Amino acid sequence: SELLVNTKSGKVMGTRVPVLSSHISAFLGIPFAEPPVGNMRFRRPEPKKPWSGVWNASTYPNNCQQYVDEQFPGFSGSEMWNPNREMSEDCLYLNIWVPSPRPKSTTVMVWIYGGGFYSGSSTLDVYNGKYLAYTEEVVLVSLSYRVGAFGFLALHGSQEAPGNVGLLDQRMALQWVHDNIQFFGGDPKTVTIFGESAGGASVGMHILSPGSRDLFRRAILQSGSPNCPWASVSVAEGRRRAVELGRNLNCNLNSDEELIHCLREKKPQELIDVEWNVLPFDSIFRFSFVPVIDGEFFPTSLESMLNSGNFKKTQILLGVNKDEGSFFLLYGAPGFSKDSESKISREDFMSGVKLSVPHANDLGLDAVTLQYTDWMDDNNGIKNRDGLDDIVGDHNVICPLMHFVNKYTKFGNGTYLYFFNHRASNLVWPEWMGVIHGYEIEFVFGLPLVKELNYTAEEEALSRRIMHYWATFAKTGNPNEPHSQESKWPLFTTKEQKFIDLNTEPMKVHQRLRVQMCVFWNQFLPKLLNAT
Amino acid sequence: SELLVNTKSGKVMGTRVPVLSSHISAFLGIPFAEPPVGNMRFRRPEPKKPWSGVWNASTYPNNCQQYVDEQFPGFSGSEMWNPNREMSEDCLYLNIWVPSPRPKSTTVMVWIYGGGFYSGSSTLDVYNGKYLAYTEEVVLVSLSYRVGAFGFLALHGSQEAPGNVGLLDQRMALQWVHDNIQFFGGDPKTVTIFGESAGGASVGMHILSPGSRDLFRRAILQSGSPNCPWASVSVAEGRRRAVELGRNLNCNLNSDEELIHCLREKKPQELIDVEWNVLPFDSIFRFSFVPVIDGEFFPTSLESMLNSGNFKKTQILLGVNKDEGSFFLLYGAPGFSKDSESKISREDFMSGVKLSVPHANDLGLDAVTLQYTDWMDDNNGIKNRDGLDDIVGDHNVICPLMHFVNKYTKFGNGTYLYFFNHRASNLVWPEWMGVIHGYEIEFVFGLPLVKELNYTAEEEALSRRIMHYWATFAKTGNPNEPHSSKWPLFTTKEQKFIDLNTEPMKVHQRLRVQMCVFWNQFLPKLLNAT
Ligand SMILES: COc1cc(CNC(=O)Cc2cn(CCNc3c4ccccc4nc4cc(Cl)ccc34)nn2)ccc1O
Ligand SMILES: COc1cc(CNC(=O)Cc2cn(CCNc3c4ccccc4nc4cc(Cl)ccc34)nn2)ccc1O
Ligand SMILES: *[C@@H]1O[C@H](CO)[C@@H](O)[C@H](O)[C@H]1NC(C)=O
Ligand SMILES: *[C@@H]1O[C@H](CO)[C@@H](O)[C@H](O)[C@H]1NC(C)=O
Ligand SMILES: *[C@@H]1O[C@H](CO)[C@@H](O)[C@H](O)[C@H]1NC(C)=O
Ligand SMILES: *[C@@H]1O[C@H](CO)[C@@H](O)[C@H](O)[C@H]1NC(C)=O
Ligand SMILES: *[C@@H]1O[C@H](CO)[C@@H](O)[C@H](O)[C@H]1NC(C)=O
Ligand SMILES: *[C@@H]1O[C@H](CO)[C@@H](O)[C@H](O)[C@H]1NC(C)=O
Ligand SMILES: [Cl-]
Ligand SMILES: [Cl-]
Ligand SMILES: [Cl-]
Ligand SMILES: [Cl-]
Ligand SMILES: [Cl-]
């Protein structure tokens, strides 16, 4: 039976799903861990105990408990990122799309969703794996992991709330794929992990973490890298935020045990309602409960691991979007609105700079301002708007990724870098937001192939070449088919630093992605902030 | 009669000189101070005592004692700035060119030479006042002042070597003009002082100093301003350099009196031979003996005077050249040569910014480097060279002047700002040096009007335009003649300036505003913080 699969934890029964006038098999909502509920809240995950009978894997699972965005009620542009299933702490499930007929031993791709480590679901429409699995003949897995305080409350020293347990959730799903994907026609020796934003940082963190390295072959990182300023905190700061969470909930704070015991008695929504109150500053692109540099999942500082070559040496493919910052300014900074051009006054520019670089002293804010201000034309609201957009995306996404790219390439086995800069013809968000954080995902997952969604024919072709780059890289470590007639995406090298644009035009090769601003963010500003 | 003038100090006899197929009167080498020689070395100047008989004013005077540039022997481009008369400590003289026939009561312009406060002569070819006096019908005076240690050795608290005596030489010549120019056909109520480089800084210093302000009407500043980083030192640093000069010469250092007595025994060239040894850093565009912020000539810090409005409120006309830095790199920085395009390696670029900003810490040098480096093309030797050129000129001339112009305009009565960016067609220096520090002077003084010097016809028209702007401003406080395109007032809000070149005038705003925010606001804050 094509839909009946016996795994090491028991039998599962999938469902036959239509795709683009054909069909493939889907195994939805397979458990990979014990429910992390009750006295297991904040604890490392435990493997799912084997079950008798047949697991009905015909429907999507629950989503993990998380903040729900109600900024634009009814608006598809925001609501499509919210949970579309019931939320529950019982949420550690994965989904598998398998070509039909079942392949013998084919390439596997495992998707890790983003969402700032505080939101995200495996079940969103834009993460539907059926188009990529069918078009490129890959076995596509999407995992899940605890987000927010449930996944990343860190009281270092405690074994009840150690921190990083959402990362351990991801690892346990990777271990399940390693142990079971052969029963679905996948090769556990050819697993590519890919993810976007926090999922892209996560992918980088598994490259670094010794306990993860042997559970995958190579990696794709989209608009995120492990060294991003929002993607981790120190053990001291994670302790600070966890204690502040208890303080917001009238918890006994005398010891880790009773603080944890207090927090385990609260309903999930009680923690979520105060989650944002524990941040140290008014800020944008900052999130309360994130991975912690603990000495276990990460043996030393990320920078020292990067400098020494202490990471998995393989092939990577990674990149960024042109306007990573716009969504964060819309939600968090003065003068921005989705129903206007959002021309930014000089006063609102100054406010946004402080929100964008909250850890900076006054000298550091001056440096950022001078670097991004045209003093011949300082009251230009369009230049002010775009300058802030660039500040947010450069500081938080692009320049951290370029730092990772350059350190990794010194030891890795092949780097391919992209710059996604296509604005979708059917975008529901205003034109000033440009090429938004997250809006390459629908191209990676082949949604433009669905004629009902009203993408252009050029956008379908773009989606198809991106899916084929991604999958060919997954299968071989090279996005290019050698001996093909197509334009070749060149290796990124330390010396020449090449990358391509991804858009609907013929390929352009460039060098030194945003090198000028990234010298500022990666070398000058940190030296300034460390001055005294 | 026309050439025989009785002044308050005695009779002077000038000479009839040819100018452009005509003639005017020249009175050369008139003394305005007692010779500051012997025990008067380093002291404030004293008025020249009256003489009987007729002072022969037919010949240029001696030049003050100074370092002589021998980098390019026989090269006219460097030797034209060196002394062209015998050097002597007996050098406090001035020169006057008077239209013929003698006007009744006309506008006076007084030239103050530059040269880093360590060199300069009133007698150079490019300062010949006859073309400007004749063409614009003004009385043209050039003064002189002691340079180097002789003018600016500063041992504050001593009255024997107090500092700033070179500035007091300038003021005494202005006092002499105030008292006597009426006998030469000049109006002492309509005196414009103007100078370039250190002379431009000097002009600004006389605007600030209460003891100078009543001795002139208006001012012109060319490629220099009083707040320039090279233009003054603190009394502590001045004292340190004076003590180090004595140390270099095996002087007794126990007391001011003993040090000064030692330094007064040395021959002039003995002091000049060690002058540069007292600088605290390897550097370019830094000079050993310069004005001191003493509490007397300058009542408080320059910045506080500028902020409070404690200065002379009048009209000013001022500006800069496109490539102020190139001359200093040629003489002082690795990789530059007069005989090549001087493409600058990355290594020599780093050495250059260190020499250019000697007071900066490592973080400050990084900031300057980031501000001027194209990291898409960092091994471009042309971009590295031009970046270093901009650094030197922006830091040392352009941005200090813009800080001055913005502060002055808040209280003053009229500001006119120019940007001189014409490369002379007969320039003797290589192309990479561009529009060099000092090379607007020949246009201000009308040398393009001289056929044998082989300027183009367009360059003669430019010089005539510049001479008329300068003199009309001197006469009225406004460079424009009330009838025709206008040079607009620089205002705090609109910040307009004009280019000066052979092309029709264009108005711009915010001269090098991006780099001057860096030099005037961010870098000072960075260095004060780190
Ligand atoms: C600043 O401090 C505080 C902050 C808050 C509240 N902040 C906020 O909600 C910011 C926010 C976060 N998301 C997450 C929604 N999904 C996503 C995306 C998810 C994953 C990956 C890419 C995504 N790309 C999106 C692009 C657009 Cl265009 C819209 C939504 C996107 N939506 N908005 C409350 C209180 C505070 O004190
Ligand atoms: C910090 O200490 C140091 C500082 C420096 C940096 N100062 C120096 O270059 C000064 C200098 C002066 N002359 C001889 C002066 N004639 C002049 C000028 C005179 C007055 C006004 C403008 C002049 N425009 C000239 C242009 C050219 Cl092209 C050639 C000579 C010019 N030659 N050099 C170098 C080394 C150091 O150690
Ligand atoms: C599995 O669940 C699906 C979805 O409701 C249902 O249609 C199907 O009958 C179930 N299979 C069983 C009960 O064997
Ligand atoms: C990857 O490693 C193999 C094995 O040593 C080597 O032959 C190849 O050159 C490497 N490729 C890159 C791009 O480093
Ligand atoms: C897609 O375009 C069709 C044809 O114009 C239109 O009827 C439909 O409403 C569009 N669908 C969406 C989801 O925009
Ligand atoms: C003034 O000096 C010049 C040369 O030094 C001389 O020719 C002239 O006759 C002198 N005038 C006198 C001595 O009256
Ligand atoms: C100069 O001062 C006069 C007299 O007070 C005044 O009328 C005029 O506005 C001033 N001009 C400028 C440019 O400030
Ligand atoms: C000026 O031009 C004349 C005439 O062509 C020429 O003889 C002379 O050499 C030139 N002078 C200089 C100083 O170049
Ligand atoms: Cl479909
Ligand atoms: Cl390489
Ligand atoms: Cl002549
Ligand atoms: Cl040039
Ligand atoms: Cl004004």
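Below, chains carry the letters A, B, ... as their sequence lines are ordered, and counting in each starts from 1. Note that these values count all heavy atoms, side chains included, but never hydrogens, waters or copies made by symmetry. One-based numbering, in listed order, for ligands and for the atoms of each.
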Check your understanding: Parallel under 30°, tilted from 30 to 60°, perpendicular over 60°: which one fits the rings of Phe184(B) and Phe27(B)?
Key -> perpendicular
**Study point:** Over-ring placement of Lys312(A) relative to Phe411(A), 6.0 Å and 45° cut-offs
**Key:** no
Review point. With under 30° as parallel and over 60° as perpendicular, where do the rings of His510(A) and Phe499(A) fit, or are they tilted in between?
Key: tilted
Review point. Under a 4.5 Å cut-off applied to non-hydrogen side-chain atoms, are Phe443(A) and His422(A) in contact?
Key: yes
Check your understanding: What orientation do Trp97(B) and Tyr60(B) show, parallel under 30°, tilted 30 to 60°, or perpendicular over 60°?
Key -> perpendicular
List below, pair by pair, the N or O atoms of ligand 6 and of the protein that are less than 3.5 Å apart, including the distance to 0.1 Å; reply 'none' if no pair qualifies.
unit_1: ligand 6; atom_1: 2 (O); unit_2: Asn56(B); atom_2: ND2; d: 2.5
unit_1: ligand 6; atom_1: 2 (O); unit_2: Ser58(B); atom_2: OG; d: 3.4
unit_1: ligand 6; atom_1: 11 (N); unit_2: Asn56(B); atom_2: ND2; d: 2.8

Check your understanding: Salt-bridged, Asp378(B) to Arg512(A), with N to O below 4.0 Å?
Key -> yes
